[PDB]
Structure formats: structure tokens, C-alpha cells
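Single chain ahead, written as C-alpha cells, the form deposited in one PDB entry.
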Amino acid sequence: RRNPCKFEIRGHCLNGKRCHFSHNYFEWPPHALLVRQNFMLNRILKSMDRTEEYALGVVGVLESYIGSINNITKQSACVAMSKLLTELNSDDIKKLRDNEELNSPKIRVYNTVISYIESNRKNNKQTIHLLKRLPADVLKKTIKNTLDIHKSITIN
């Protein structure tokens, strides 16, 4: 039985006839089929959109900007903020807002984040401007909340 072409697993094998691995999904085992869909989804999504800031992550960058370390400019923070908002989805926040009792101050912040997520989906270029207009101390508050929600959602 021919094994699945690992190039095709990540998308499209580019070796033409030379390549002697399977490119025929019908004979692939399921796990390879699963993995490919993940790479292909990643590509689809990308399509409709420095060394230590990479190793930090968007979270690392943002946490660093808060503690004023690793030389994170406020501009870079705002951009990273945009990337974080994109990774979040309003519906998960709304779900959390529903668990809160009225006039809980958490509800104010949930709605603030939610409105940011929505500005960001419409036009991330200006959402980033907005975020830059904020005074440092309030931007950091917001970032810290967004991060906390982000962590929160992901562990339940």
C-alpha cells in the first residue's frame, strides 16, 4: 500500500509525476486526512486576512508590554492586541456575560472587550489606531482583561 505524500498532506505536492507517494485521498488512512484538513483550513483562513517577538507569542508580547520589559513598543502592543481579538469570538464572551449577575462590574468589561472584538473584525487597521489613542495605563488594563478572558475561555 502506497503511503500518503507528506507534501500533499500540507497542501499540494509539487513534484509532478516524479513523486511516488499516494496523492489519492481514497487510499489514505484517516489520520492523514485529518491532518491535511487542518493545514488546508489554516491556508484558507490566512488567505482572507523579529526573532524574539516570535518566541514570545502575542501573549508574551502583550504581557511584556504590561510589565514594560522585552522592549515592546506601544505600537507593537496594539497590533498584538488586534491579533488576540481576532483569536477570540464574541459568542464565547456573551456566554460568560450571561453567567454574571446584574450590575456585576465584570459585565462592563465583557461588553468593552466584545465591542473591541467587533471593531476589529470590521476594520483591524483602525481598531489598532483606537487602541494606540488610549492612555498607556488604560490600554494595559484592557489588554490584561482580554488576556484573562482568553485564558479563561480556553480552560472551560
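Don't overthink the numbering: it's just position in the shown sequence, from 1.
Although not depicted, the form solved in complex with a partner chain is the subject of the following passage.
Within this chain, residue 133 lines the site of its partner chain in the deposited complex, having a heavy atom no more than 4.5 Å away. Proximity of residue 126 to its partner chain in the deposited complex falls within the 4.5 Å heavy atom cutoff. Contact check for residue 66: no non-hydrogen atom falls within 4.5 Å of its partner chain in the deposited complex. By the criterion of a heavy atom within 4.5 Å, residue 112 is counted among the residues contacting its partner chain in the deposited complex.
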